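> following this: a sequence and the matching experimental structure.
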Amino acid sequence: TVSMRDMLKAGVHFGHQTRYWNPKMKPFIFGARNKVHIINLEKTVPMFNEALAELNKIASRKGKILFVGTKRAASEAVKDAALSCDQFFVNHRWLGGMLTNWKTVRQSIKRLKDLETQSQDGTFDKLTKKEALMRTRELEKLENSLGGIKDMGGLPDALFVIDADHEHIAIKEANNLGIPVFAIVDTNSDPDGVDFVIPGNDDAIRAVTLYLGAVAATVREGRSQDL
Amino acid sequence: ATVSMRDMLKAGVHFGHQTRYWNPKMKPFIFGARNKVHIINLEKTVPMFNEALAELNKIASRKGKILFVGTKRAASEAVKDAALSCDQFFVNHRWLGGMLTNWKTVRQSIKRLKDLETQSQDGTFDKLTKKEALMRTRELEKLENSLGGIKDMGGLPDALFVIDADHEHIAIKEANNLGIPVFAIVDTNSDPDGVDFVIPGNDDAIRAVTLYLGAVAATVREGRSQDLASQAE
Amino acid sequence: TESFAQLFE
Ligand SMILES: [Zn+2]
């Protein structure tokens, strides 16, 4: 649904410096200027529109989307977006084995939720003896990343990644299990395993919010049409 | 940057002042006298304006600092928006006397100004007094009025774009004393000898003024395009 | 007022 005027304002067309660039992305690039690659927005939209259609398709069957935004800048931005659509998110390091090694992480979430209530209720308090400090600090560490998926979400049906390099670890585990992935690939990221691809600036705060907006919109819309 | 020889005609660039207040040096740009006024020669006007546009465009490409000067209240508002839109800062109403030369002394002023702004969300809550509070707010207002819009520069600007020139003869004098090139919308009563790019327009009606502002604004965006990226999509 | 072009002609 996004328009060219939308992106052109945000700066989605802006791509990483010349030196850093994977020649595999040349099709999605128009003409480099001032030692900086300029994405060919003319191609971006047609694929972004197709991808939004696909995301609507998923949410129809009430599938579980997961948003990945390790990048400190967009990290908080991804948090907010995932709330409006009530989909899962991960704004910190994509803990290895997040999907592939499900048994271990599932037990971990069990531990987390149990610790959560106990301290929340107050049990932790009576114990004190620095042991209360330990269990509160453990919650913090776990929540810093594990948080966002605590409510089950086993083997989602799609992953939305802001960057197509930094989170290569995520863009791999999903390929092993055959879970489709989406990514706002820039000019320095490998266009591999991304399946539905989306050439887009993944650095500017402005542009990331744009993407988050549109994707969150379609996801809730799909839920409503099934409803 | 080739404003139609007819757009300015409707703007009001043709209407100068009367003979009683007419700079005799401006003769090269005269067409006659409508009701004893002095109708600027637009045909003579236009090459110079378009040439300066290109000149100012290559400047912004070399990343040379630009500047604009506030005039009448209406002019000042218009100048502000066009400047803020892109960059190149802007004056407002007084030019703060000898800004150039005394740029080091006004630099200390800019320093104090910014500190107060920062301390306007700090010092205000703590130790506030029914006396000191009014002091802080009022002084900031005065400082901002003129100094605001220049504080950003953090250095000596490399160009200047004034209006009318006559109303700011002081500004041109300082600019001539440093080599910094300038542009002025000279009118029928303005000494243009000090200007390096005589724009024989009319600082009046605002309408036409808005045209000049819009024009240059566009040229400095071309400079930013060379500083950012080329036109594409 | 008459157009400048016509006046100059
Ligand atoms: Zn005048």
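That came through fine. Numbers count the residues shown, from 1 in each chain, chains lettered A, B, ... in the order given.
> ok, now which ones touch the residue of chain C most remote from its centre?
Of all residues in chain C, residue C:1 has its C-alpha farthest from the mean position, at 8.5 Å, by C-alpha atoms, centre = their mean. Shown here is residue C:1, whose contacts under the criterion C-beta atoms under 8 Å, 6 or more residues apart in numbering or on different chains are residue B:34. For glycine as for every other residue, the C-beta is placed from the backbone atoms N, C-alpha and C.
> and it, that's in a helix?
No - in this structure, residue C:1 is coil, not part of a helix, as judged by DSSP: H, G, I helix; E, B strand; the rest coil.
> look up how far residue C:7 lies from it.
From residue C:1 across to residue C:7, the span is 9 Å (C-beta to C-beta, to the nearest Å).
> apart from its chain neighbours, what residue comes closest to residue A:175?
The spatial neighbour of residue A:175 that comes closest, neighbours along the chain excluded (C-beta to C-beta, 6 or more residues apart in numbering or on different chains), is residue A:193 at 4.5 Å.
> pretty sure the one you found sits against residue A:170.
No - here residue A:193 lies out of contact with residue A:170, judged by C-beta atoms under 8 Å, at a distance of 10.2 Å.
> which residues do these two both contact?
Overlap between the contact sets of residue A:193 and residue A:170, as judged by C-beta under 8 Å, 6+ apart, is given by residue A:181.
> of these two, which one has the most company?
A count of neighbours by other C-beta atoms under 10 Å in any protein chain shown puts residue A:170 above the other of residue A:193 and residue A:170, at 23 against 15.
> list the contacts for the spatially most central residue of chain A?
The centre of chain A sits closest to residue A:68, judged by C-alpha atoms, centre = their mean, with a distance of 2.2 Å. With contact taken as C-beta under 8 Å, 6+ apart, residue A:68 is in contact with A:78, A:89-90, A:94, A:159-162, A:167, A:170.
> thinking again about what came up before, check contacts around the residue nearest to residue A:175.
When contacts are counted by C-beta under 8 Å, 6+ apart, residue A:193 is found next to A:171-172, A:174-175, A:181.
> residue of chain A closest to chain B, please.
Across chain A, the shortest distance to chain B (C-beta to the nearest C-beta) belongs to residue A:33, at 4.5 Å.
> bridging residues for that residue?
Here residue A:33 sits in beta bridges with residue A:36, going by DSSP bridges.
> the residue of chain C found nearest chain B: neighbour count?
Across chain C, the shortest distance to chain B (C-beta to the nearest C-beta) belongs to residue C:4, at 5.2 Å. When neighbours are counted by other C-beta under 10 Å, residue C:4 registers 18.
> still on that earlier bit, weed out the non-buried ones from the contacts of residue A:193.
Among the contacts of residue A:193, those classed as buried by 16 or more other C-beta atoms under 10 Å in any protein chain shown are A:171, A:174, A:181.
> for chain A, what lies in contact range of chain B?
For chain A, the residues in contact with chain B under the definition C-beta under 8 Å from any C-beta of the partner chain are A:4, A:8, A:13-14, A:30-31, A:33-34, A:36, A:38, A:40-42.
> of these - the most surrounded one?
Using other C-beta under 10 Å as the neighbour criterion, residue A:13 leads the residues of chain A next to chain B with 23 neighbours.
> thinking that one is in contact with residue A:6, fair?
No - taking contact to mean C-beta under 8 Å, the distance of 11.6 Å between residue A:13 and residue A:6 leaves them out of contact.
> by proximity to the ion, which residue of chain A wins?
Of chain A, the residue with the smallest distance to the ion, taken as C-beta to the ion, is residue A:9 at 38.1 Å.
> find the nearest non-adjacent residue to that residue, please.
Here the nearest residue to residue A:9 in space, its sequence neighbours aside, is residue A:206; by C-beta to C-beta, 6+ apart that works out to 7.7 Å.
> ok, the one you found - contacts?
Going by C-beta under 8 Å, 6+ apart, residue A:206 touches A:9-11.
> list phi and psi for the closest residue to residue A:14 other than its chain neighbours.
Spatial nearest neighbour of residue A:14, chain neighbours left out: residue A:201 (4.7 Å); criterion: C-beta to C-beta, 6+ apart. The phi and psi values for residue A:201, taken as degrees, to the nearest 10, are phi -60, psi 120.
> residues near residue C:7, how many?
When counting by other C-beta under 10 Å, one arrives at 13 neighbours for residue C:7.
> my read is it is in a helix, agree?
Yes - counting by three-state DSSP, residue C:7 is found in a helix.
> tally of neighbours for residue A:188?
18.
> can you verify my assumption that it contacts residue A:19?
No - distance between residue A:188 and residue A:19: 9.1 Å, which falls outside the contact criterion (C-beta under 8 Å).
> thought residue A:163 was touching residue A:183?
Yes - because the distance of 7.1 Å satisfies C-beta under 8 Å, residue A:163 is recorded as touching residue A:183.
> in the residues of chain A next to chain B, find the pair that's most separated.
The most widely separated members of the residues of chain A next to chain B, counting by C-beta to C-beta, are A:4 and A:34 (21.3 Å).
> so how far is chain A from the residue in chain C positioned nearest to the ion?
Sorted by distance to the ion under C-beta to the ion, the residues of chain C start with residue C:1, at 18.6 Å. Shown here: residue C:1 relative to chain A, a distance of 40 Å by C-beta to the nearest C-beta, to the nearest Å.
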